[PDB]
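Under the entry's author numbering, the first residue of the sequence shown is numbered 1, with each subsequent residue one higher.
Even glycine gets a Cβ: it sits at the ideal position worked out from N, Cα and C.
Heads up: the structure comes next, in C-alpha cells.
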Amino acid sequence: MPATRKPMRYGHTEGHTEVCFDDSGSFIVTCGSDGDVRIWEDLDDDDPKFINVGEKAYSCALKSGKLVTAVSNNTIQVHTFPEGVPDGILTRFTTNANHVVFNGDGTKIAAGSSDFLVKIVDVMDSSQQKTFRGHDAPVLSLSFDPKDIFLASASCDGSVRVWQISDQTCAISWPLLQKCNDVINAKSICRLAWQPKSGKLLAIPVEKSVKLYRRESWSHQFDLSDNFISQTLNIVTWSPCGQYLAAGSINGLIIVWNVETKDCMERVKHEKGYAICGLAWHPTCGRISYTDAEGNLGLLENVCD
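The structure is reproduced here in C-alpha cells:
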C-alpha cells in the first residue's frame, strides 16, 4: 500500500515555511513568515497552539524542549518548548539568518546568514561561539554531522562546504550550486542533510538528483534519481534509522528512496505544484510532514509500509 497523502491545510502566510516533529513525535511543529510557531496535534487540528516568536521567522529548530528561531530582528533566539518561555538570545548577525539547526544531542546550534557567515553557539552558554568564514554570498542551509566532527553548509556562492568544527577550517568545497547574490534569487535552497547515525554519507540535492558523498574522503558515492523528478530538488531529509531518504522538489514532488538498495519507496505529487521547503521524518513511525512555499502543511502516512 502506498503512502497516504492527507489533504494539505493552511499553516502560515505565504513564504518560506519549515516543519519538524516535536520531541515526542505526537505533534507537528511549523514556523513561517508570519512569525508564529504552530503546534499541531495532526492535520485535523483546527486550533493549534501558537508561539509568537517575532514579526517574521526565517527558520526554526527544535530539540529537547528548546525552540531556536531566526527572526527578522537579525537574532538567533531561544524559547522553551512547548511552553514558549523566552530563554534569551544566542547570537546576532548584521543581516537576517536563513537557517538554524541543532546538532545531534541538542547542545549546539549552527546558523547561517546573508552576511555570509556561519556561527556555532553553545545552547547553554551563548558566550561559547565559533565563526566559520569563507563563503562569498548568503548562506542558505546547514547540517550537522551526527558525530559532531563536521558541519556542512550550502551557499548562494555556488558551493557546498564541509567545515571541521574544532578549528573552523574548510575540509572540502564542492561547486555544485548555481551562483546568485540574494537568497530570493536562489534556484534551490539546497537543504542538504547528513546521514543520521554513522554520518557516513552527506546527501546534497543538486538539479534533479540527490548526490551522496562519503565523509572524510569527500568522494562521490552515487546519485539517487527518478524519472518522475522534472524540476530541481530543494530539500532532503533522512529517516531516523539512516536507511531511507526523502526529497522535495520545487514543483511539489516528494519522493522516498531506500538508500542501501536505491529502490524508490514512494512518490507524492503536490496538488498545486508548490515548492517543498520543509520536510521532516517522524522520530519513530513511517510518517513524513512537509510544508510548501505557500505556507501550507501536509502529512504522509504509512511511508515505507
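- For residue 39, same chain residues with a beta-carbon under 8 Å away, outside a window of 5 residues either side, are 22, 27, 28, 29, 48, 49, 50, 51 and 82 in chain order.
- For residue 300, the enclosing beta strand (DSSP E) stretches over residues 296-301.
- Approximately 7 Å separates the beta-carbon atoms of residue 277 and residue 189; this is inside 8 Å, confirming the contact.
- Counting along the chain, the unbroken beta strand (DSSP E) around residue 213 starts and ends at 209-214.
- Residue 52 sits in a strand when the DSSP states are folded into three classes.
- Per the coordinates, the alpha-carbon of residue 243 lies some 13 Å from the alpha-carbon of residue 193.
- By the CB criterion at 9 Å, residue 139 and residue 79 fall outside the cutoff.
- Comparing alpha carbon positions, the residue from 152, 57 and 179 closest to residue 173 is 152.
- In the structure shown, residue 183 adopts helical secondary structure according to DSSP, grouped into three states.
- DSSP places residue 253 in the coil class of the three-state scheme, outside both helix and strand.
- Taking 9 Å as the cut-off, the Cβ atoms of residue 64 and residue 25 do not count as close.
- Residue 1: not part of any beta strand (DSSP E); DSSP gives it neither H nor E.
- The Cβ neighbour count for residue 10, taken over all protein chains shown within 10 Å, is under 16; the residue is labelled exposed.
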